[PDB]
Amino acid sequence: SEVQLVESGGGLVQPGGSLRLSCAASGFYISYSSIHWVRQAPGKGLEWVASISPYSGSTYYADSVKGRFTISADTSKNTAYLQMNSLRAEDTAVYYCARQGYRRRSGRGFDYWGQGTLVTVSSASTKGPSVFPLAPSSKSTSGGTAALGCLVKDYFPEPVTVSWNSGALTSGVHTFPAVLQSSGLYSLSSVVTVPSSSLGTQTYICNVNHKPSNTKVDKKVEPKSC
Amino acid sequence: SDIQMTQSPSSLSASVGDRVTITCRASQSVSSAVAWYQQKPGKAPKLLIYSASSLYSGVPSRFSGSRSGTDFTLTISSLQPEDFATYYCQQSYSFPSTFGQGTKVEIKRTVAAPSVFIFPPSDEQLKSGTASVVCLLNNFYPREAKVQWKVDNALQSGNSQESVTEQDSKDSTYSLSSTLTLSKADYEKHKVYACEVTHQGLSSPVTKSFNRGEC
RNA sequence: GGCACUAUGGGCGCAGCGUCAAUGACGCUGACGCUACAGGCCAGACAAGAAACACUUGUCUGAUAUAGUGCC
């Protein structure tokens, strides 16, 4: 486990733009192995993109990227590259580099995987999320517990971090998957349940952290009454 | 003429100690050039089986791969809680390499009714001119549950979107949230907002709701 | 295209020339001879080389692969 692949260079791009992923090998020399790129669209399975083979530098490509993407390795820098040109929207995925293991130890299995970088292809633009409370109700609470939450809306692109009361209160919480909505902006809400006795005794504040727009937002959630 | 690798079932609910098999079928011969990977949400794939039948390292003895012609199968001999993930088959007999579309292997639980919560829009958000109504199904099982949006007892359609969690780690339940989106014009133009939840663990559809400000 | 004929591997001499120094080396060129050993040449399969292709090496199978000279 000194063997490690470290990816970087993803991010958000207009359609037709370009982006250059890089895979940084440490624990092995890259020139003795086949390197592979495997992308994973959000919500879907693994899709193979390209590879380069040792000693010959032969390169191979999926039909879908054949001609726009270009794989390579700088053997002096011990890293592999993927040059993506004229991106299309469905190129959006988490991109993985994988090391093909040794012929006589692991067949053609990919035995060491990257970490993924997210690449998004959108003509949308950055947008921090508007945060609104989901106020706990009249707290009739037959079961002695109420739900309170934060609606995090109209944001782009992903991800979003949501933590309640700065890391405390990791229990009962459910943060939900975001949905793409008609505007082309993502939205999700995070909710926690809690005994409704401490409703007011303890106050609850979700910590919404949206790094892609540099919004670090906190919102207090509580009811409003008469 | 890529080689296709058709994998089934795409989903699978089992409990612990169950035998589980995940078949995959090559549209051409691929010799034994077939690998199996495990993936858990938000992490990288793990190599499990290489050369159609051989375990990679750190794979434990309950996993096993086998071949017959073009029919490859992953087999968990007695399923363990660690083993609920997604599984992909891959062929490496010729380029382009292709994966199976995946099999999701979920835990079998006792049936649990949801606890429904409904949330009006905020005062902040109506100052924004658009209204969102959110309904919360919490810790139910199984996944199947229909949410219906009635406004003044009038069913809605197209104006709502839903999203569910993954199985919980503690108690293997779910949660779903539904969001009705309206114009601020249309939010004020009506008085009763209702969230209809039909579910197996409900002998009769629980429905929660609110009227206007009802302070 | 067919058909013949010949030539094709290593060494070892023989001459002739180059190639670098400028005095020796070093090469090729020779259907130029010398020998017993053999191997070259080409295609396919398989194995290993950090090795899916390519590259290198080895084994195995087929004979092939070149030329030149005739004849059709």
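As a convention, residue numbering begins from 1 on each chain and follows the written sequence, not necessarily the numbering found in the entry; residues with no coordinates do not appear. Labels follow written order: the first chain is A, the first ligand is 1, and so on. Note that the side-chain values use all heavy atoms of the structure and ignore hydrogens as well as water.

A. Quick look at the overall build of chain B. For chain B, the count of helices and strands is two helices and 19 strands. On C-alpha atoms alone, chain B measures out to a radius of gyration of 23 Å, which is more than a quarter above the 17 Å that the 2.2 N^0.38 rule sets for 215 residues. C-alpha atoms of chain B, sized along the principal axes, occupy 70 × 40 × 25 Å. Any pair of residues with heavy atoms lying within 4.5 Å of one another is described as a contacting pair. Counting contacts in chain B only where the partners sit at least 6 residues apart, residues at least 24 apart contribute 57% of the total. Per-residue accessibility takes into account occlusion by the displayed protein chains alone, with areas from the Shrake-Rupley method and a 1.4 Å probe. Carbon and sulfur atoms make up 46% of the accessible area of chain B, which amounts to about 10000 Å² in all. The sign given to each residue is positive for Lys and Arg and negative for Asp and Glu; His and the chain ends receive no count. Just so you know, the charge point we use is NZ for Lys, CZ for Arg, CG for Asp and CD for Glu. With 20 positive and 18 negative side-chain charges, chain B shows a separation of 3 Å between the mean positions of the two kinds. Helix and strand labels come from DSSP, where a helix needs a run of H or I of at least four residues and a strand needs a run of E of at least two; each type is numbered from the N terminus. The atom set for the radius of gyration is the C-alpha atoms, and the globule formula is 2.2 Å times the number of residues raised to the power 0.38.

B. Representation of the domain arrangement of chain B within the structure. Residue and element names in this part refer to chain B. Considered domain by domain, chain B is made up of domain 1 (5–108) and domain 2 (115–210). Residue ranges assigned to the domains are those given by an automatic or database domain assignment. Here the C-alpha centre of domain 2 lies 37 Å away from the C-alpha centre of domain 1. Between domain 1 and domain 2, the contact holds five residues from the first and six residues from the second. We define buried area as the total accessible area lost by two parts upon association, computed with a 1.4 Å probe and summed across both. Summed over both partners, the interface of domain 1 with domain 2 buries about 460 Å², with 37% contributed by carbon and sulfur atoms. The largest contributions to the domain 1 side of the interface with domain 2 come from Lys-104, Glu-106 and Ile-107, which together make up 77% of the buried area. For the side of domain 1 that touches domain 2, a count of residues per class yields two nonpolar, no polar and three charged. Think of it as three bins: nonpolar holds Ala, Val, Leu, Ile, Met, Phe, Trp, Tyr, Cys and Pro, charged holds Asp, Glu, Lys and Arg, and polar takes everything else, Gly as well.

C. Representation of the protein's contact with RNA strand C within the structure. All names here are of chain A. A single heavy atom is enough: if one lies within 4 Å of a molecule or strand, its residue is considered near that molecule or strand. Near RNA strand C you find 15 residues, and of these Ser-56, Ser-58, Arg-103, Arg-104 and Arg-108 are the closest. In the interface set of RNA strand C, defined as its atoms within 4 Å of the protein, sugar plus phosphate atoms amount to 39%. Here a polar contact is taken to be a pair of N or O atoms separated by no more than 3.5 Å, where protein atoms must pair a possible hydrogen donor with a possible acceptor and residues adjacent in sequence count only if both atoms sit in side chains. Between RNA strand C and the protein, one listed contact pairs a base oxygen with a side-chain N or O atom of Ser-58 at 2.8 Å. At a separation of 3.0 Å, a base nitrogen of RNA strand C approaches a polar side-chain atom of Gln-100.

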